[PDB]
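Novice: For the record, the sequence lines run as chains S and U. At position 36 of the first sequence (counting the first as 1) the number is 41 in UniProt numbering, and the numbers step up by one without a gap. At position 115 of the second sequence (counting the first as 1) the number is 120 in UniProt numbering, and the numbers step up by one without a gap. Got a structure for you, questions after.
There are 2 protein chains.
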Amino acid sequence: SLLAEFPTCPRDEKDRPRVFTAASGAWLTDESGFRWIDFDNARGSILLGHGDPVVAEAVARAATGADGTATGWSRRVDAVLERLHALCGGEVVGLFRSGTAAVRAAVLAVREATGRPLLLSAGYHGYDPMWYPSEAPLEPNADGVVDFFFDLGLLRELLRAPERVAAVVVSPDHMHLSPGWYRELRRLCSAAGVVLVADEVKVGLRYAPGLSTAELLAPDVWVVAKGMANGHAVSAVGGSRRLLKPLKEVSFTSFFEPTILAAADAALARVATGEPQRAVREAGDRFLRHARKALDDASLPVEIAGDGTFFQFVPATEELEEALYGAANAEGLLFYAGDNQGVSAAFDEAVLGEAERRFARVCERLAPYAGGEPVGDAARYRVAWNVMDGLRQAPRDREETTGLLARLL
Amino acid sequence: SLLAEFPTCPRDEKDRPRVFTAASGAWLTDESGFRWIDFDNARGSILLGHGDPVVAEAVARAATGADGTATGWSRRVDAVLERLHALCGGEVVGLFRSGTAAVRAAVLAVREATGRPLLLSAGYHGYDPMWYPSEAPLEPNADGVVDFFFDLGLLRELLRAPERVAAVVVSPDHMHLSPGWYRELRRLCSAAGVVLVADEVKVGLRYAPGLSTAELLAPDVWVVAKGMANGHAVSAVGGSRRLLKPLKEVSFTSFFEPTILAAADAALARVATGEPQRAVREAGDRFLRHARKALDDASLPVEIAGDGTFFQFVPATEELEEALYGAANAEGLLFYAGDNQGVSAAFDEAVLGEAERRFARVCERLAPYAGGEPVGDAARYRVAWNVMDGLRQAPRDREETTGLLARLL
Ligand SMILES: Cc1ncc(COP(=O)(O)O)c(CNC[C@H]2O[C@H](O[C@H]3[C@@H](O)[C@H](O[C@@H]4[C@@H](O)[C@H](N)C[C@H](N)[C@H]4O[C@H]4O[C@H](CN)[C@@H](O)[C@H](O)[C@H]4N)O[C@@H]3CO)[C@H](N)[C@@H](O)[C@@H]2O)c1O
Ligand SMILES: Cc1ncc(COP(=O)(O)O)c(CNC[C@H]2O[C@H](O[C@H]3[C@@H](O)[C@H](O[C@@H]4[C@@H](O)[C@H](N)C[C@H](N)[C@H]4O[C@H]4O[C@H](CN)[C@@H](O)[C@H](O)[C@H]4N)O[C@@H]3CO)[C@H](N)[C@@H](O)[C@@H]2O)c1O
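Here it is in structure tokens:
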């Protein structure tokens with residue numbers, strides 16, 4: 006047991022990481038030779054498909070030395086910056102090595118630029134300790150962060166002294182929050198005169214060429230990552246020159262590493278067209294129509310939140326949830342267990358037909374659960390918490406909100 | 006000026022980044038078609054040479070999906086962890102995406118494990134704001150870090166209350182600090198009962214197969230990066246299970262990206278032989294004996310600190326330092342300006358012969374500086390501070406130390 010970290014990855018019945026020896030398009034092969042259709046896709050960072058040939062060629066060329074050097078600037082630096090600025094807007098752009106690094110740098114830059122101490126947060130922003138939970142819910146943690154769990158009532162209370170608040174930083178979820186929720190968030194932040202940071206590490210570049218919340222939030226600062234490089238190790242921040250002036254202090258040794266620049270330039274060129282996002286939505290929607298019908302035909306109490314871009318199974322019980330993923334594993338459908346499923350643009354007709362047949366076999370395996378009590382709100386809240394680390398949107402008062410926080414924290 | 010960051014990189018006389026189109030071994034091509042011999046080598050992270058064929062082959066292959074997937078575990082994960090453990094020791098290992106990320110995670114883990122608030126630091130640890138300077142010497146910054154600038158007197162002062170100290174965190178320099186300096190540091194930390202973290206992001210794996218301070222410091226926790234992947238986007242931490250237990254909270258989306266694992270596994274295989282490190286030392290030593298002679302023959306007051314693994318020009322005046330790099334720029338010798346020069350294993354006879362020839366021409370160009378006053382200690386201190394962000398070792402009393410800090414901060 007040499008590894009000190011605990012990486013999120015597909016794990017087997019003994020909680021050991023599944024070992025994958027090969028991948029192409031939508032398909033994985035594991036160490037036993039078992040073949041899987043991938044809905045996890047490095048938690049949605051594989052937008053194009055595994056071993057995408059154009060990205061792979063670009064990386065190959067860059068590995069030889071013929072497309073830039075790690076020692077310094079290249080034309081691919083300008084190309085990537087230009088593309089991000091065109092897609093996502095803002096005045097300036099910075100590049101980082103993980104979503105975690107990017108969101109931390111972004112929010113600290115805003116704290117410095119505004120001179121205000123608190124960050125009000127909803128959703129996951131990466132592994133850094135600055136996001137660890139406070140000792141007392143709804144109080145600042147040691148790094149001045151207060152999590153409001155996507156509850157706008159709580160947010161209103163936290164905005165009551167806006168001079169204390171550097172930014173509101175929110176990781177969107179388009180399965181569990183409506184457009185109106187976003188517009189209200191934007192309204193509240195504008196009224197309070199506080200900066201809005203959209204942490205689009207997951208959703209950026211995937212629902213559209215640009216930011217999912219470009220219009221809904223018009224954020225002052227954005228962060229993207231998973232959509233920009235077909236899995237390669239890069240992230241980005243952009244927004245106003247003034248709010249991001251503190252990023253002038255950022256430099257790191259691997260900045261000019263040419264394979265990541267080549268992958269990002271290639272992937273971003275494809276992203277800019279809108280085609281992979283359309284392909285994903287359409288493929289995912291087809292799979293969903295089939296899956297919803299299969300669950301209904303089998304009288305299985307499993308709803309599906311979301312849409313083809315990202316969806317999530319919502320089973321009525323934890324036992325059923327475990328059985329669902331067990332059956333999926335038996336059929337070679339690799340789902341990101343409990344979380345959101347993000348197909349890639351490699352989900353062609355052949356992949357879809359096979360995923361459909363496999364899912365019908367999943368529903369057969371689930372026959373013991375036929376006719377169970379339908380999904381209720383406690384299940385909806387528990388399942389949504391697993392993907393968003395806070396509360397799905399639905400009517401609540403403070404009693405209900407605080408009850409759910411006590412339950413789900 | 007879309008870029009919000011200010012990356013360290015080769016820059017021209019107007020402070021514009023030099024744009025490099027391609028590289029091969031020790032050589033670079035710029036956008037003008039000018040051909041350079043590289044002593045910068047992505048600040049010492051290109052140990053093997055640009056476009057190393059064996060690493061390139063492994064990277065190209067991994068990009069196709071033939072060696073596993075970014076979705077989860079592959080046997081190359083085990084191979085990289087096992088190689089690092091064999092080379093560097095400790096009980097556990099973690100992987101990160103930059104040196105900055107690794108050192109931050111390491112020291113926060115130690116602070117959590119020990120329950121103590123302060124970090125005592127010497128040297129550079131990356132770009133994160135946690136390392137920004139305090140208001141005054143000997144005062145903690147906002148993140149509990151106190152800089153001792155490599156001065157063991159200042160360290161003893163800070164260790165008067167060691168119950169406050171989670172760790173001492175040191176970035177070695179083997180040009181400006183002797184073996185005995187390290188052994189004293191180790192001694193002081195052990196007596197005080199404080200954890201010692203060796204930040205070997207720069208020096209790890211380059212002086213020897215493993216840590217440069219394996220015996221000198223026997224650190225509780227180590228960090229490496231530049232040596233491990235021929236420039237690719239990975240770093241590592243290792244050491245005691247107890248002190249690094251808090252790393253269980255680390256996960257990041259690109260963890261399984263197979264090209265980086267491929268580069269690390271290939272580079273580490275070569276590092277484990279000791280061959281590239283020896284080649285570097287021997288090639289740089291040959292260059293240095295030629296350069297020292299050339300400087301002496303021209304009566305130029307420029308010393309050279311260090312050795313073939315890493316060396317540094319120490320000119321008697323700033324005006325001469327500027328002229329030296331300007332002249333090297335004309336002859337196409339790319340030095341990391343002001344800092345340390347780190348040749349790669351691609352510095353062969355052909356390259357050395359040409360670098361020697363080119364350096365002779367640099368000496369011809371600096372005639373207007375012949376016969377100048379020889380290097381003094383003020384120059385030695387100023388130049389060393391540029392590479393270590395603290396004080397070179399030399400006899401000092403407390404008053405001299407205080408004055409030097411006033412001058413150089
Ligand atoms: C908006 C945003 N911003 C920034 C980042 C960071 O980018 P990165 O640095 O490139 O990875 C991400 C990275 N995203 C990775 C995933 O992040 C979440 O996943 C998180 C978290 O929700 C999820 O937490 C688990 C929870 O849902 C389960 N119900 C309980 C489990 N113990 C817990 O585990 C995690 O937190 C534990 C507590 N500290 C920790 O011990 C576990 O090891 C850790 N896995 O674990 C993931 C990280 O490990 C999302 N739900 C997912 O859709 C997403 O794909 C991001 O989505
Ligand atoms: C031990 C160790 N630990 C961790 C890391 C982090 O690894 P990474 O995240 O992978 O890069 C490194 C990364 N190393 C990069 C370089 O780190 C230093 O270089 C630093 C710093 O010393 C150097 O500082 C400059 C100073 O030497 C000059 N005399 C004055 C200049 N303004 C200043 O510039 C830097 O610091 C400024 C302080 N605010 C900042 O404004 C500048 O923008 C910044 N470039 O700049 C570099 C980083 O930007 C070393 N001198 C070098 O040998 C080395 O190769 C490391 O060496």
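Every residue gets a Cβ at the ideal spot worked out from N, C-alpha and C, and that includes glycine.
Looking at ligand 1, does it come within less than 7 Å of S:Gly104, judged from the CB to the closest heavy atom?
Specialist: At least one heavy atom of ligand 1 is nearer than 7 Å to the Cβ of S:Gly104, so yes.
Novice: Residue range of the alpha helix (DSSP H) that U:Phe292 falls in?
Specialist: First-last of the alpha helix (DSSP H) with U:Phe292: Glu280 to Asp302.
Novice: Could you tell me whether the Cβ atoms of U:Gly377 and U:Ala321 are closer together than 8 Å?
Specialist: Contact: yes.
Novice: Is the closest heavy atom of ligand 2 to the C-beta of U:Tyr132 under 7 Å?
Specialist: Because some heavy atom of ligand 2 lies under 7 Å away, the Cβ of U:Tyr132 counts as near it: yes.
Novice: Based on Cα-Cα distance, which residue from U:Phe364, U:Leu33, U:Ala84 and U:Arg403 lies nearest to U:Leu157?
Specialist: Residue U:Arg403 is the option with its Cα nearest to U:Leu157.
Novice: Cβ of U:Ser349 less than 8 Å from any chain S Cβ?
Specialist: No, its Cβ sits nowhere closer than 8 Å to a Cβ of chain S.
Novice: Which residue from U:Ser126, U:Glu10, U:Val64 and U:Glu144 puts its Cα closest to that of S:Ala267?
Specialist: Comparing Cα-Cα distances from S:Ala267 to each of U:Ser126, U:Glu10, U:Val64 and U:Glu144, the minimum goes to U:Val64.
Novice: Please name the residue in S:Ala274, S:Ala238, S:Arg247 and S:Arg246 whose C-alpha comes closest to that of S:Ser259.
Specialist: Closest option to S:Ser259, Cα to Cα, is S:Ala238.
Novice: Would you list, in sequence order, the uninterrupted alpha helix (DSSP H) runs of no fewer than 4 residues that lie entirely inside the region 140 to 167 of chain U?
Specialist: Complete alpha helix (DSSP H) runs here, min 4: 157 to 163.
Novice: Please classify S:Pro373: is it buried, with 16 or more other beta-carbons within 10 angstroms of its beta-carbon, or exposed?
Specialist: S:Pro373 comes out exposed.
Novice: In chain order, what residues of the same chain have a beta carbon less than 6 Å from the beta carbon of U:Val229, not counting five sequence neighbours either side?
Specialist: If we look at U:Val229 and ignore the five residues flanking it on each side, its Cβ neighbours are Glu205, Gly209, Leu210 and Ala241.
Novice: Residues of chain S with a CB under 7 Å from the CB of U:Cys14: which are they?
Specialist: Per Cβ cutoff of 7 Å: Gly77, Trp78 and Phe261.
Novice: When the cut-off is 8 Å and only beta carbons count, does U:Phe257 lie next to chain S?
Specialist: Yes, its Cβ sits closer than 8 Å to a Cβ of chain S.
Novice: Within the continuous alpha helix (DSSP H) that includes U:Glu359, where are the two ends?
Specialist: Segment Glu354 to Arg370, the alpha helix (DSSP H) holding U:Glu359.
Novice: Could you tell me which of U:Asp353, U:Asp301, U:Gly343 and U:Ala310 sits nearest to U:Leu371, measuring between CA atoms?
Specialist: Closest option to U:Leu371, Cα to Cα, is U:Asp301.
Novice: Given that S:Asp45 touches chain U, what residues does it touch there, using C-beta distances under 7 Å?
Specialist: Those within 7 Å of S:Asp45 in chain U are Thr76.
Novice: So if DSSP puts S:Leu124 in a beta bridge, which residue, or which two residues, is it bridged to?
Specialist: Partner(s): S:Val150 and S:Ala172.
Novice: Do U:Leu124 and U:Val150 have their C-beta atoms closer together than 8 Å?
Specialist: Contact flag set, yes.
Novice: Closest to S:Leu86 by CA distance: which of S:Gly56, S:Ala288 and S:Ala234 is it?
Specialist: Answer by Cα proximity: S:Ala234.
Novice: Distance check for U:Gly347 and S:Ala172, CA to CA, integer angstroms please.
Specialist: Distance between the alpha carbons of S:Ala172 and U:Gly347 is about 42 Å.
Novice: Taking only heavy atoms of ligand 1 into account, decide whether any of them is closer than 7 Å to the Cβ of S:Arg48.
Specialist: Yes.
Novice: Could you pull out every unbroken beta strand (DSSP E) segment of at least 3 residues lying fully inside the region 187 to 238 of chain U, listed in chain order?
Specialist: As far as the region 187 to 238 of chain U is concerned, its whole beta strand (DSSP E) runs of at least 3 residues are 200 to 205 and 226 to 229.
Novice: Would you list the one or two residues that DSSP bridges to S:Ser240?
Specialist: Answer by DSSP bridge pairing, in chain order: S:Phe101.
Novice: Run down chain U in chain order and give the residues with a C-beta less than 9 Å from the C-beta of S:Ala71.
Specialist: Correct list: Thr26, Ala27, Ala28, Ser29 and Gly56.
Novice: Compute the minimum distance between the beta carbon of S:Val150 and the heavy atoms of ligand 1, and state whether it is under 7 Å.
Specialist: Checking the Cβ of S:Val150 against ligand 1 gives no.
Novice: Tell me which residue opens and which closes the beta strand (DSSP E) that U:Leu33 is part of.
Specialist: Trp32 to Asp35 is the span of the beta strand (DSSP E), which, as asked, contains U:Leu33.
Novice: Going along the region 101 to 124 of chain U in order, which residues come within less than 7 Å of chain S, judged by CB to CB distance?
Specialist: Within the region 101 to 124 of chain U, the qualifying residues are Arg102, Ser103, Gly104, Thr105, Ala106 and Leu113.
Novice: Taking only beta-carbon positions, decide if S:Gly236 is within less than 8 Å of chain U.
Specialist: Yes, its Cβ sits closer than 8 Å to a Cβ of chain U.
Novice: How far does the alpha helix (DSSP H) with S:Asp83 in it extend, from its first residue to its last?
Specialist: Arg80 to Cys93 is the extent of the alpha helix (DSSP H) around S:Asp83.
Novice: Would you say S:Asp43 touches ligand 1, meaning its beta carbon is less than 7 Å from a heavy atom?
Specialist: False, no ligand heavy atom lies under 7 Å from that Cβ.
Novice: Step through the CB atoms of chain U and report whether any lies within less than 8 Å of the CB of S:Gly131.
Specialist: It does; some Cβ of chain U falls within 8 Å.
Novice: Report yes or no: is there a C-beta of chain S within less than 8 Å of the C-beta of U:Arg48?
Specialist: Interface residue, yes.
Novice: Closest by CA to U:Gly215, which one among U:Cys93, U:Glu189 and U:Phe261?
Specialist: Taking only the C-alpha atoms, the option nearest U:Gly215 is U:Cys93.
Novice: I'd like to know if U:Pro22 contacts chain S, where contact means its C-beta is closer than 8 Å to some C-beta of that chain.
Specialist: At least one chain S Cβ lies under 8 Å of U:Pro22.
Novice: If you measure from the beta carbon of S:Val97 to each beta carbon in chain U, is any gap under 8 Å?
Specialist: Chain U contact via Cβ: present.
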